[PDB]
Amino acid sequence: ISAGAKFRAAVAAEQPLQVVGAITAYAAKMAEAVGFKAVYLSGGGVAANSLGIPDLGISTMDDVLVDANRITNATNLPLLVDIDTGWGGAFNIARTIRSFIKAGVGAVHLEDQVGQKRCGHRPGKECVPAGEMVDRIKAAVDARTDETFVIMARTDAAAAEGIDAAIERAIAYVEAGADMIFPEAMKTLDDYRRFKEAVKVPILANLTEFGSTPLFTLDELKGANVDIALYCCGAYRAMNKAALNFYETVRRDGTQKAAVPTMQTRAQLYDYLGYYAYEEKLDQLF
């Protein structure tokens, strides 16, 4: 029963569907325990946390691969993955799609940002002409070996070209075979409503903190006809503050005593780890 199918089922069963970002395998396991139906691997998340570098397109397909693998082996929730521009031309996009299907990843999102650029370039927010993204999607859809796997198109056109330009690109992207649409940086509930009505496929709302977008509630979004609510980064920002706090209190106090009330207990780890199931499996066989 395929990962793609698990993801499509989850969108049909919960409206809007909450999907939370995880930076580690264990994070995902927790997200599962808490009752979510889908998890997300952020591209900038891979780069900052796993690699220790800014989100400047330094991140390679394999970097994202090793994380995506660790995660789908650890949870049985469908995982959605940020694959930037696909890391190259039509043949590379193809390799990408195939690699991430094989990794057991359930849905995937491609974006209409300029790709590789001019050695000395500084790093900005340009789009590609609609026919250039249409090419990308076409390559992706043809490379796809199992139709249940979800190919989602992400667009940041709205910011520079206005929301109508964005809607018109989006329709061309569904034309080219994209299953769902991720419109970046919408300012109002109405923006979403209009978008959903125009493109007529499932839509994702990126609920990002410290951005421009307000942090809309599940109900707000349900009323707006949005299909997917995405909390991409909260988890790791929360965990990174907790970790800095630990380090500071150890360096200041000469002991970590003051920070132990902010820790998870061993029994809670074993519980989430499904640790008791092993001693169990060992019995059942022997």
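Quick note: we count residues from 1 along the sequence shown, nothing fancier.
Checked against the record, the higher mean CA B factor of 218-226 and 51-59 lies with 218-226.
68-76 and 150-158 differ in mean CA B-factor, and the higher of the two is recorded for 150-158. Taking the PDB entry at face value, the top CA B factor among 208, 116, 99, 113 belongs to 208. Residue set 103, 171, 108, 93: peak C-alpha B-factor at 171 (per PDB entry). In this PDB entry, residue 81 carries a Cα temperature factor that places it within the lowest third of its chain's modelled residues. In the deposited entry, the Cα temperature factor of residue 19 sits in the middle third of values across the chain's modelled residues. Per-chain ranking of the deposited C-alpha B factor places residue 10 in the highest third.
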